[PDB]
């Protein structure tokens, strides 16, 4: 499917590692737990964004009841 | 609206971990038996 | 429409025998 | 009857206009008071926005109300006047993907274009309206609740 | 229920009069029945 | 679905006060 | 943020200011009392009303304008008008005696009594603003107050704010109809200051507007207020880019630079379109190509000259409303492919396009219809120089027999200044002829 | 590592760069809030190229916004992707330039260059290894044509080795919205030739030409024109941010695109441009991409290279396709149109491939080319600069700033010297 | 491989071509969306002959529609199969010719032919090995009879070796809807004789006679006439698209059927034409087919073959039959009607068999023949053309477009030389 980083990436890595995100979240200053932390963090964010989106879809429309000419009047 | 195979790289579309008809392979297994155990 | 007052009918506008 | 000996005297022609809504509604603007919590996202706090729906065209503009000792830059407006998407942030469409008048081809001057009757590629778009927005509901303002 | 307005620009031209024109006496029996084919 | 209805202009014999002589309305209990 | 101050002078300035400030209060939605409507909330943007109004702590907006006149009656009606609580009592400045159609009276005898008054109240308004874009001045060359008391004012304004722009909207004497006879005497003497103490002029005569209103707007018995509403439309179209956003926001400095090639040539000609009544407006479709054509006929100029007799040299546009940029470009290409419209040899590209969003508002009880799109033109051309020649012809025939001079001499005018200004206007006329020559 | 400093000057630069940051935020899966909603890790592998990192998983753009007029900054901040930018990166003055090059370059530019230099120096040291700076502005304005050239001058002294690419907007004679436009352009192209590694000449009229006939848009606004520019800018660094079958970067083309340091003016192109009605009819294939590449219609500057000779050609392909179907067609287009290529350089074409196509599309390609036709653009400014300078018109605005007259003479002299040697390379025997 | 591009000029060609693209699509099972909803494999094997591939499994016709008026394009687009056609292939002007051959060929056609030749060149280079083009037009129109000859006059020069076919519609004297009808025809037939490989003369009046009697429709609209024509193009290329026991194509028939290059006018025919009532009262067999086309009532041209000699005869068959039966019915008809066949050419008939019949029908055949009867159709026009030209009537409309008078005389002279040589071949001794 889409690219996921398999966990044991070698230490001599020249790539973006969310050091500040892992350090504010939990754990220690290592990329092997860091990248997993960022992964399920962004998965959780996608989850609640989808929840908000489906709630907005859930909200139903209402009846225009009356004519726009009378509304203008 | 958007695809996901847009996100494909040459490296891991080319190199992947490695993973004829059953009547034919069964026939060849019988052929192997009828020689290895043949007297 | 059904002229009879069946179970299909919902309103029923009539007088009381009192009236 | 349906194919060999069927006729059509008229040719279809769709037309748009906005001046009816413009000269009918014009200055009528619906105003609503908003709240977006940001306490979840680390250094975030409650913000008091103000929503404006323009009945003339259907666009939405959002202002903000700051406290007294607010450290913000005293911005004029959070969002400009535009049609707010309702399903979240839509992906960037291709250049020219969203059009108004579907056209067959150039009259091959400089003002010539033939509108094809069969609309073929339509980028369906959902936007908030006064119909959608009410009191008590929650609105996804470009990803914000 | 207001009357059918003309072209709204012409209504603005005409003014307030073309806005002004628009806006138990007898017993009756009634009914309604809502059915699904 | 589909709705249908009918009306009938009944007429009291004398010009009576047409505010106390109103036919009652019956609704379905369901 | 951009801010502008109005220094309307005299009866012509005050009457124009009543119509213009009525338009601004409707444009932003201001009540006559001053406060924003707590009930209705047309529009948005606190910065949108900051170019003209200055909101106070209580919430009321105070206009940035100075009403000055040497006769009290013209301002007293504003003091008892509908917008009395809107305008500042300090901002309204009156005088006991007027110049009585005398340039010398308002420049040396009656003006100097009151200069220290208006200068500081101007300074107070300038101290309220942070970044002042410039000054708009409205007056007339006929009356003494609008001419004499003006001419000293921006002379002192020039030495107080050297870099601040000073726009000039003024009433020229009409070629045929005149409301006074000593008017050319004030007209000739005032023309010096609009040369070395001005940045742009907005020359307009009352008769040319009279022709436009009777032909397009069907008003066969027009009044001064109908003239003042169109003038209000001109200035609002100029400052539309500052008030609201647009694709091509154009500041006053932007169009000053692309209108004035030489320091002595700062007299562009204005044009406004569409100017149509309500019944005709919806009957005729209006387009960007059509409204830009309406800017080009000689019959639609609010000056009495034929540009076909002259040469377009610097020409500025101000589109407004539901405008689309090709229709601007396709209109310009259509304009250029006309032998009837000619340009100078040294300006192959002389167009200044400005695009705004908000369509022009219509004041109720007015004459212009509600239109979706509009256009403003500021075409500087050399055909205006003929109008100065007619004034010189009228001045010369009067100057020869020494008529009315004892009024000016008795005020404290040296008679040689009358001759000196005449040579200045001769020199300015030749300067326009120099540009008309093609290499 | 490989970071880009995005400079942004003038109203044209502010609107174009705002459209640019919207485009690549979609490409990198960044919401207007600032978080990352992308699904694959390839969207976030080299996000440090354009985005700086902030706490709470927030990515802030590495751009500096400058304009002498505070009005345009309000419009950018109130954008859809308006709050993503940093207010400290907003640097603005109180007085505009009024389309006057001299005011923005000397008088009013001096008060704001220091604060701008502070931000870009901070943002330079924030990244650890910067590839170079990227500036978008207009050559007919007062700030971008003015102060923008001044910022070009100061940075090269500070950082000589770093590359700059400029996607400047070159004014058109057929449609013009400024009368002093010849003055500002002629005083800016002098600063470009001295200090610029690569220029991309963008003309608004050619964009209007594309929208009317290629894309069939009845009422496209400036956002659609900025959309085509933003797509072009993303198509240059697409090989840099993502892995590719044959990798390249800005310097790979820049070394290969500059035979001589005076010639760094390139005209860009974008391949997949068709009306929304005929998208189903068009077959996305390599032959149709190349035919849409090499026609005089598709190209977004104001010159016809049928009148010139193609010096060097760069083609960057987005997505996975065939290099064979690539390299053949560059060979076929080389052999068929032999007269339009110079003879002293065989193999004028440079090809680069990035395996990731843009969002919402399956293939795309960006064309960058240096040809003799760009000299037609400069000489047509000489006809309008010299004719109006001959009468000394519109001079006191520039003279009132304190500048001399010899600057106009030397700017025309350098530009006339530029086109003459540019003409010389056209008539060159192999 | 073997591709055909369909040119579409004039209202008559537009309506006929729309039905032609309608008919061949159900044979290939293409829905009005443009997908393939057919069932059999050979139904989608050679679709590249007429169709071009598009993304998403979409097939588009290789058709170019040209008309001087945009009104007919709206109707053809409004046609049910108009969605299939590519939008950019619609090339059309603003003002028509008004049935003036003068205006279409010279005055207004010159402004359009450039836009035409770019598109057809694009179709030409889209395919690899083009067999030929296909044009449908009327000889009495203003666009088809006029600029239609202009296009084929051009298309010979750049593409000489390709096969040139046109399904022209020939005017009838008995039913005429145009007064300047022979004026257009005489100036057109000169263009066909110089530059055309084969011309099929279709008469509207002969279509009516077939509709009156053979199928006895009481309301034959133009759709039925076009459909009877629409069967014919399907019959001449059915051996090309589908395999047969004895294969053939356009070149195979053309070489065997043109004995001398000046004679390229042919009478087409279709076999299975019956009334709905008498479908029961029929015995579908090789001889029953063979009796049908050899009756002159079946011919859709306006000339009786019994008044001349059959030069060449070609019958292409559709369906599975016996070589013995078709060969023998070939042989008997040659023996019995000996006088109607020429003597210096033995074995005047050529036969082709395609195994695949039409869907829903068990058998079909198409007859195409060169006979001496066609020169009656030519001389009858000269009896008209001389009458108007003697009094110089209807001339200033042609003279007003800037041409001379001599082009009328040489066109008649070429027509005179054609029939005189044609008459000579009739009176030839073996």
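In order of appearance the chains are A, B, C, D, E, F, G, H and I, and numbering begins at 1 in each one.
To be clear about the criterion, a residue touches a chain if its C-beta (ideal position, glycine included) is under 8 Å from a C-beta of that chain, and two chains touch if they have at least 3 such contacts.
Protein identities per chain, from UniProt: G = Tubulin alpha-3 chain; H, I = Tubulin beta-4B chain.
J.: Going chain by chain, each one touching the next, work out the least steps from chain D to chain G.
T.: 1
J.: Relative to the centroid of every protein C-alpha atom displayed, which chain's own C-alpha centroid is closest?
T.: D
J.: Given the two chain pairs A-B and A-H, which is bridged by the higher number of C-beta pairs in contact?
T.: Contact tally favours A-H.
J.: Where the centres are mean C-alpha positions, what is the separation of chain C from chain F, in Å?
T.: 10
J.: Could you grab the centroid distance between chain E and chain G? Build each centroid from C-alpha atoms only and quote it in angstrom.
T.: 49
J.: So what's the Cα centroid distance for chain B and chain E, whole Å?
T.: Chain centroid spacing, chain B to chain E, equals 76 Å.
J.: Centroid from C-alpha atoms only, then distance chain D to chain E, rounded to Å. What do you get?
T.: Once rounded, the distance between the two centres reads 31 Å.
J.: Considering chain A alone, which of its residues make contact with at least two other chains?
T.: 2-3, 24, 49, 72
J.: What parts of chain H, by residue number, touch at least two of the other chains?
T.: Within chain H, residues 39-40, 42, 55-56, 74-75, 211-212, 219, 275, 277, 280, 359-360 contact more than one other chain.
J.: Counting only residues that touch at least 2 other chains, which ones in chain F make the list?
T.: 4, 6, 23
J.: Please name which positions on chain E make contact with chain A in the complex.
T.: Interface residues on the chain E side: 1-5, 19, 22-23.
J.: Report the residues of chain H in contact with chain B in the complex, numbered from low to high.
T.: Listed in rising order, the residues are 39-40, 42-43, 243-245, 320, 355-357, 359-360, 362.
J.: For the complex, give me every residue of chain H touching chain G.
T.: Residues in contact with chain G: 11, 69-72, 74-75, 94-100, 142, 173-182, 205, 208, 211-212, 219, 221-222, 383-384, 387-388, 390-391, 393-397.
J.: If you look only at chain E, which of its residues touch chain G in the complex?
T.: 7, 9-10, 12-13
J.: Which positions of chain H touch chain A when the two form their complex?
T.: Chain H reaches chain A through residues 1, 35-42, 44-48, 53, 55-57.
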